[PDB]
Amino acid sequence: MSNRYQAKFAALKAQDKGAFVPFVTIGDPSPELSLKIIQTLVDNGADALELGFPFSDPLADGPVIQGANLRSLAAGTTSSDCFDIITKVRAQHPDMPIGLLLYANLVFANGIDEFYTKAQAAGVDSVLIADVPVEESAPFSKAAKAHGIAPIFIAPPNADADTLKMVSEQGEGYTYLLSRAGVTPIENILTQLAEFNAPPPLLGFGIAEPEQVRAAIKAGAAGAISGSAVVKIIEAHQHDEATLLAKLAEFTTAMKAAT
């Protein structure tokens, strides 16, 4: 559990509400639009943000997200733009938790200390390295802690209690489940995390629809992270700004409404 994340989850708890956490790759379809994209997400009910840095070969992602990374690289987005965007969003929203979803090789190219200091100054709250597995993470967790930041981990779908136990100890802000809950198993995995004092679990796989947000909470998750489904909106309207934002706002409000 960590700084902005705790406070948000304490407030959602008193509200008796789940967390709706949208994900976008920063700079897609371009830096300026990406920024208003993010803004709209927040103005329409996002409880936390999950942000990718653009990366050419995102080996843990499918076509949709692959699409966004390559759009952001093509629009010419740089690390510095990414960090610029994050810093603007922080100043506009002092309390909104911000998470980064990143590829190791992305970090190492910047230099680990170089990257996490930049993240700290921009005001990021957690970093998840998608392609490194709990057991290999020290260099990154170690960096996360020295710079005020939460190392976040994934509990993968096949996960066994030992793994799940170290996901739980390691392990701050929230825990990412690469799973979803069925609309009307998961409950087992949740219970195991709850009894390990895991940070609050967000179901993050294939969440696209409000009924799925609804079901996730109903199974004991603290909330849902939705990735591809958002990006899909972006791709459908990358050349029409006003339809993009409109339909993005509508989507957040509907998805949030089911928390």
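The first residue of the shown sequence is 1; numbering continues from there.
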From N158 to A159, how many deposited residues does the entry skip: none, 1 to 3, 4 to 9, or 10 or more? none
Quick check on the record: does 84 to 92 or 160 to 168 carry the larger mean Cα temperature factor? 160 to 168
Do the CA atoms of 239 to 247 or those of 20 to 28 have the higher mean B-factor in the entry? 239 to 247
By the entry's C-alpha temperature factors, tell me which of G123, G182, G99, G76 sits highest. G182
Just grab whichever of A198, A229, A222, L51 has the top CA B-factor as deposited. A198
Chain-wide C-alpha B factor ranking for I217, given as lowest, middle or highest third: highest
Relative to the other modelled residues of the same chain, rank the CA B-factor of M255 and answer lowest, middle or highest third. lowest
C-alpha B factor of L193, ranked within the chain: lowest, middle or highest third? highest
Considering only modelled residues of the same chain, in which third does the CA B-factor of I154 rank: lowest, middle or highest? middle
Should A104 be placed in the lowest, middle or highest third of its chain by the C-alpha B factor in the entry? lowest
